[PDB]
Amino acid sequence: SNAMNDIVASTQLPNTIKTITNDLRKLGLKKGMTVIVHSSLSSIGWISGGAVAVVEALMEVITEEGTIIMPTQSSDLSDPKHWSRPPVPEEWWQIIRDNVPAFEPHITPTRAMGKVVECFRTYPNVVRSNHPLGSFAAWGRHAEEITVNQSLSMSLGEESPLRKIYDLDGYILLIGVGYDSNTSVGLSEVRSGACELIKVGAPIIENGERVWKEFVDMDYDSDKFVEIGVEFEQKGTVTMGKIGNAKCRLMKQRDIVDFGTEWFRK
């Protein structure tokens, strides 16, 4: 059967803005929170209005007094020398570096972020940071503050939206995804020096002109995060519940980020 037929079959009644709003409150999402969100649309079961419903639901709970952030990574703009998903012929690499269109926050699609993110990032009043590989989008009270001045180097480091979320004592919401999607733990890797440094590259508009721009980042390794997540959960203070069929987690970003930092040093 098609993906969609299975999704419908595993749903007893439709998910709606209203039932999603209800499930989010039940889990503990509150007006005025700062929350970074990671999601799988399909994991919820069938939704009337798909991604738009999920976005509107989150907004209705958090409100404009709170802030929603999602990662909007665009790794298709990276140096093809290092591509594996899929690799392309070596003879294409320079053509790509010379022709791939420059990052533009209002235009460039995301890769591997999900339909909720694609909806969110083009939604009215949502704002996006200027990083060409590792940007975030945000909506609400601290949206501009969170996304402004993202350093080109160390995209998940002390000068990124993650650090701004940390200073706001924000929350992480995982909807139907595990710890390997939990971007905030990249901040633990930065602070522990857990992973090696790499020269990266991306196309940007600089002084009006298109430049292939190089910089330093960390070779972030998500495979760790599942391990870290299981140990973090034993310590307590991860709230768990369902949004439709989606296994969801809600936690404080400071808590997991501080635990992650110790996990890598010990």
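For every residue, the number given is its place in the sequence shown, counted from 1.
Taking only CA atoms, the mean B-factor in the PDB entry is higher for 185 to 193 than for the other of 76 to 84 and 185 to 193.
When the two stretches 129 to 137 and 157 to 165 are set side by side, the higher mean Cα temperature factor goes to 157 to 165. Based on the entry's C-alpha B-factors, the most elevated value among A102, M113, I96, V148 belongs to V148. The PDB entry assigns the greatest CA B-factor among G50, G236, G28, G45 to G236. The PDB entry assigns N207 a C-alpha temperature factor belonging to the highest third of its chain's modelled residues. The PDB entry assigns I36 a C-alpha temperature factor belonging to the lowest third of its chain's modelled residues. Placement of the Cα temperature factor of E60 within the chain: middle third of the modelled residues, per the deposited record. Among the modelled residues of its chain, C248 has a C-alpha B-factor that falls in the middle third, as given in the PDB entry.
Compared with the other modelled residues of the chain, the Cα B-factor recorded for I20 ranks in the lowest third.
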